[PDB]
Amino acid sequence: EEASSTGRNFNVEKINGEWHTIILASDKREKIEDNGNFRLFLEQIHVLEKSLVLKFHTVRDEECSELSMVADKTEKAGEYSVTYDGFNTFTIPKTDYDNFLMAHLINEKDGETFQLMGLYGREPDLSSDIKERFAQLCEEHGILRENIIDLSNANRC
Ligand code: NA
Ligand code: NA
Ligand code: NA
Ligand code: NA
Ligand code: NA
């Protein structure tokens, strides 16, 4: 089955566990480029009662650095917030739990904003079909394909 974090039949426990950053996308491309703060390689999600604990690494000159953050439930079901390089809110518009997870995030920093979209896989890669479904979801949010970066060959340390 497939679900959205904002949908009535969402089962948050089913996103617990291993994940990998497959593709990232943004209407501010710099954020996810080589040295951007949002070029974040997911490793794990730990589902807690009213939060998610997100385990990431970043890469600078081919060296991995670990970082964790805690995303808290907001007043709206399926939305989470987290402070990281500004104030962030996010939802999971589509996941099948067992293969892929698609996130949509709004960042706000210094009075500005941008959108980030992420495609996460249980394995270090996903099928071209899923990758295409992600590109479609990006289009629905006004993010061009040229702003979509497949990171499936640089998601390892
Ligand atoms: Na810049
Ligand atoms: Na949306
Ligand atoms: Na959204
Ligand atoms: Na592969
Ligand atoms: Na569409």
# chains A, B, ... in the order shown; residues from 1 in each chain; ligands from 1
$ residues_near_ligand --ligand "ligand 5" --cutoff "7 Å" --atoms "only C-alpha atoms and all ligand atoms" --output "PDB file with N, CA, C and O atoms, in the first residue's frame"
ATOM      1  N   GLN A 136       7.795  13.604 -11.335  1.00  0.00           N
ATOM      2  CA  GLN A 136       6.423  14.079 -11.456  1.00  0.00           C
ATOM      3  C   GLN A 136       5.956  14.856 -10.206  1.00  0.00           C
ATOM      4  O   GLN A 136       5.321  15.902 -10.320  1.00  0.00           O
ATOM      5  N   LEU A 137       6.271  14.340  -9.019  1.00  0.00           N
ATOM      6  CA  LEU A 137       5.880  15.022  -7.778  1.00  0.00           C
ATOM      7  C   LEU A 137       6.564  16.384  -7.687  1.00  0.00           C
ATOM      8  O   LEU A 137       5.949  17.359  -7.276  1.00  0.00           O
ATOM      9  N   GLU A 139       7.540  18.238 -10.251  1.00  0.00           N
ATOM     10  CA  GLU A 139       6.828  19.091 -11.210  1.00  0.00           C
ATOM     11  C   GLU A 139       5.559  19.693 -10.606  1.00  0.00           C
ATOM     12  O   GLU A 139       5.234  20.872 -10.819  1.00  0.00           O
ATOM     13  N   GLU A 140       4.812  18.886  -9.860  1.00  0.00           N
ATOM     14  CA  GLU A 140       3.588  19.387  -9.225  1.00  0.00           C
ATOM     15  C   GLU A 140       3.871  20.502  -8.222  1.00  0.00           C
ATOM     16  O   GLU A 140       2.969  21.246  -7.868  1.00  0.00           O
TER      17      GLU A 140
END
$ residues_near_ligand --ligand "ligand 1" --cutoff "10 Å" --atoms "only C-alpha atoms and all ligand atoms" --output "compact mmCIF listing (two decimals) with N, CA, C and O atoms, in the first residue's frame"
# COMPACT_ATOMS: atom_id res chain seq x y z
N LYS A 28 15.74 26.27 -4.95
CA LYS A 28 17.00 27.00 -4.75
C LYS A 28 18.12 25.98 -4.83
O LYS A 28 18.55 25.42 -3.83
N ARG A 29 18.61 25.76 -6.05
CA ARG A 29 19.49 24.64 -6.36
C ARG A 29 20.78 24.62 -5.54
O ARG A 29 21.32 23.55 -5.26
N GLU A 30 21.28 25.81 -5.19
CA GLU A 30 22.53 25.92 -4.44
C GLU A 30 22.49 25.14 -3.13
O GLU A 30 23.52 24.63 -2.66
N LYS A 31 21.29 25.03 -2.56
CA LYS A 31 21.11 24.39 -1.25
C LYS A 31 21.49 22.92 -1.22
O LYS A 31 21.80 22.39 -0.15
N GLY A 36 26.31 22.69 -0.32
CA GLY A 36 25.07 23.18 0.27
C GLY A 36 24.69 22.47 1.56
O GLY A 36 24.92 21.26 1.70
$ closest_residue --among "A:2, A:125, A:49, A:110" --to "ligand 4" --atoms "only C-alpha atoms and all ligand atoms"
A:125
$ residues_around --residues "residue 56 of chain A" --least-positions-apart "5" --cutoff "6 Å" --atoms "only C-alpha atoms" --output "PyMOL selection string"
chain A and resi 41-43+67-68
$ residues_near_ligand --ligand "ligand 3" --cutoff "9 Å" --atoms "only C-alpha atoms and all ligand atoms" --output "list in words"
residues 79, 89, 90, 91, 92, 93, 103, 104, 105, 106, 115 and 141 of chain A
$ residues_near_ligand --ligand "ligand 4" --cutoff "8 Å" --atoms "only C-alpha atoms and all ligand atoms" --output "MDAnalysis selection string"
chainID A and resid 124:126 152:153
$ select_by_dssp --residues "chain A" --states "alpha helix (DSSP H)" --output "list in words"
residues 128, 129, 130, 131, 132, 133, 134, 135, 136, 137, 138, 139 and 140 of chain A
$ write_last_selection --atoms "C-alpha atoms" --output "compact mmCIF listing (two decimals), in the first residue's frame"
# COMPACT_ATOMS: atom_id res chain seq x y z
CA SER A 128 13.83 4.31 -12.71
CA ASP A 129 10.00 4.09 -12.38
CA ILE A 130 10.12 5.45 -8.78
CA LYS A 131 12.67 8.08 -9.83
CA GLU A 132 10.24 9.17 -12.58
CA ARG A 133 7.32 9.27 -10.08
CA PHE A 134 9.48 11.59 -7.94
CA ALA A 135 10.19 13.86 -10.92
CA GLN A 136 6.42 14.08 -11.46
CA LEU A 137 5.88 15.02 -7.78
CA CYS A 138 8.61 17.69 -8.14
CA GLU A 139 6.83 19.09 -11.21
CA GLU A 140 3.59 19.39 -9.22
$ atom_distance --atom1 "atom CA of residue 52 of chain A" --atom2 "atom CA of residue 8 of chain A"
18.9 Å
$ closest_residue --among "A:117, A:154, A:22, A:148" --to "ligand 2" --atoms "only C-alpha atoms and all ligand atoms"
A:117
$ residues_around --residues "residue 94 of chain A" --least-positions-apart "4" --cutoff "9 Å" --atoms "only C-alpha atoms" --output "list in words"
residues 2, 3, 4, 5, 100, 101, 102 and 103 of chain A
$ atom_distance --atom1 "atom CA of residue 78 of chain A" --atom2 "atom CA of residue 54 of chain A"
15.6 Å
$ residues_around --residues "residue 21 of chain A" --least-positions-apart "4" --cutoff "7 Å" --atoms "only C-alpha atoms" --output "ChimeraX atom specification"
/A:41-42,119-121,151,155
$ write_last_selection --atoms "N, CA, C and O atoms" --output "mmCIF file, in the first residue's frame"
data_model
loop_
_atom_site.group_PDB
_atom_site.id
_atom_site.type_symbol
_atom_site.label_atom_id
_atom_site.label_comp_id
_atom_site.auth_asym_id
_atom_site.auth_seq_id
_atom_site.Cartn_x
_atom_site.Cartn_y
_atom_site.Cartn_z
ATOM 1 N N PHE A 41 22.647 13.227 3.463
ATOM 2 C CA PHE A 41 22.506 11.805 3.189
ATOM 3 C C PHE A 41 21.864 11.110 4.370
ATOM 4 O O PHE A 41 22.507 10.904 5.396
ATOM 5 N N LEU A 42 20.583 10.772 4.223
ATOM 6 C CA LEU A 42 19.848 10.079 5.277
ATOM 7 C C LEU A 42 20.430 8.674 5.564
ATOM 8 O O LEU A 42 20.947 7.994 4.674
ATOM 9 N N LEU A 119 13.840 12.177 -2.196
ATOM 10 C CA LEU A 119 13.479 10.793 -2.464
ATOM 11 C C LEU A 119 14.443 9.879 -1.717
ATOM 12 O O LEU A 119 15.666 9.904 -1.938
ATOM 13 N N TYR A 120 13.877 9.084 -0.818
ATOM 14 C CA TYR A 120 14.648 8.181 0.027
ATOM 15 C C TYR A 120 14.298 6.731 -0.278
ATOM 16 O O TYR A 120 13.133 6.405 -0.577
ATOM 17 N N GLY A 121 15.305 5.864 -0.226
ATOM 18 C CA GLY A 121 15.088 4.448 -0.518
ATOM 19 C C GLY A 121 15.567 3.573 0.635
ATOM 20 O O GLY A 121 16.504 3.946 1.349
ATOM 21 N N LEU A 151 21.592 11.511 -6.380
ATOM 22 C CA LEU A 151 22.804 11.375 -5.567
ATOM 23 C C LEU A 151 23.160 9.928 -5.248
ATOM 24 O O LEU A 151 24.062 9.672 -4.433
ATOM 25 N N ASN A 155 26.095 8.492 -2.307
ATOM 26 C CA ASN A 155 25.446 8.361 -0.991
ATOM 27 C C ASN A 155 26.196 7.487 0.027
ATOM 28 O O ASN A 155 25.725 7.292 1.158
#
$ select_by_dssp --residues "chain A" --states "strand (DSSP E)" --output "JSON, numbers by chain"
{"A": [17, 18, 20, 21, 22, 23, 24, 25, 26, 41, 42, 43, 44, 45, 46, 47, 51, 52, 53, 54, 55, 56, 57, 58, 59, 60, 63, 64, 65, 66, 67, 68, 69, 70, 71, 72, 73, 80, 81, 82, 83, 87, 88, 89, 90, 91, 92, 93, 94, 95, 100, 101, 102, 103, 104, 105, 106, 107, 108, 109, 112, 113, 114, 115, 116, 117, 118, 119, 120, 121, 148, 149, 150]}
$ closest_residue --among "A:143, A:47, A:71, A:53" --to "ligand 2" --atoms "only C-alpha atoms and all ligand atoms"
A:143
$ closest_residue --among "A:46, A:23, A:142, A:51" --to "ligand 2" --atoms "only C-alpha atoms and all ligand atoms"
A:142
$ atom_distance --atom1 "atom CA of residue 107 of chain A" --atom2 "atom CA of residue 87 of chain A"
5.8 Å
$ residues_around --residues "residue 149 of chain A" --least-positions-apart "5" --cutoff "8 Å" --atoms "only C-alpha atoms" --output "ChimeraX atom specification"
/A:23-25,32
